[PDB]
Amino acid sequence: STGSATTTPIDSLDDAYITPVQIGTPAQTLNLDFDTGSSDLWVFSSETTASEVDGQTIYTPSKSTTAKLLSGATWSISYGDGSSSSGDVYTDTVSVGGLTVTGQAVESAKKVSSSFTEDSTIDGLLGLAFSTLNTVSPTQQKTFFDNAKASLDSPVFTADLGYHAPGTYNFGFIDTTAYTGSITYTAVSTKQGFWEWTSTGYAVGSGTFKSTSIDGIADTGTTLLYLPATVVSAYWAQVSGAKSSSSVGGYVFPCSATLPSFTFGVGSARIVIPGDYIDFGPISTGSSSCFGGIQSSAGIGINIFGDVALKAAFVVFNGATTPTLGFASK
């Protein structure tokens, strides 16, 4: 089997992407944030504290003839940005772009943090990291991909995120029309539960390539590109007036600037992030100070190839017995 679904930016900055997901019978369609940096599929629901729902579409398990309470199971997750959610668990039928999994764990939120409430466009998350990170207790549950894998034509999914435009998540096949040149594959460590890999270096603008190993994760659920302070300083030094602002929480730059591109290495191959992808707009409405899309990972504890990086590429998440990651230009 295969599946193919369009993923759409939630706002004009590409802060996140939503993908429609069918849950239950009859289908309840919710727009979920596909997150290769976590492993829980959780939704706003009829069980979510009412004051914490503000415009989201909810899953109502009592209206699904295929929903079953997973007795005794609870979940609770905290994300790198400080947001969180928790609740109980149902199993139900879940379909993405024509690909159906029966008996998928659907984690129903009883509580969500303010960041989730305040984002009306995201109805939940669909985790695509390794199932070892799944938070369901006392019986850990599998991701949608893990459940689908054996049925797929090939044990892969691909992320093709757009810049200020829709893109595509495919399951079970590689669309050879969706990228240019070849896909370069690179090793993955699953030891921390992530799609963790090592970039071979970087360049800033038209500058020379610096060969250096940068361990990090391919994370569709993180907006920005978080890299070591040395790398980030080298980038922003090429932007007149750019500075790190403790009050704002990262590098800012004059909105009048033209940003240079940023290149990262995948083996001997190179992915070029255009300068415009690095612009996250005014720090507050009407400001002429703009927020940068490349930020320091210092004190995160890990480098994160988030959407800023991934959307410059066609990305293969290869879930073969030994997982790998592939990157192509597009």
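Count begins at 1; order follows the chain as displayed.
Per the header: X-ray crystallography, 1.2 Å.
In case you wondered, yes, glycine gets a Cβ from its N, Cα and C as well.
Among the features that Swiss-Prot reports, domain 'Peptidase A1' is placed at 17-328. Per Swiss-Prot, active site is recorded for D35, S199. Feature annotation from Swiss-Prot assigns disulfide bond to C255-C290.
Nearest neighbour of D35 (active site) by Cα distance, taken over the recorded positions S199, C255, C290: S199. The Cβ neighbour count for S199 (active site), using a 10 Å radius and every protein chain shown, is 22. Remark: of the disulfide-bonded residues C255, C290, the most isolated position is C255 (fewest other Cβ atoms within 10 Å of its Cβ). A Cα-Cα distance of 27 Å separates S199 (active site) from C290 (disulfide bond). DSSP gives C255 (disulfide bond) a coil state; it is part of no helix or strand. A simple way to gauge crowding: the CB of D35 (active site) has 21 other CB atoms within 10 angstroms, across all the protein chains here.
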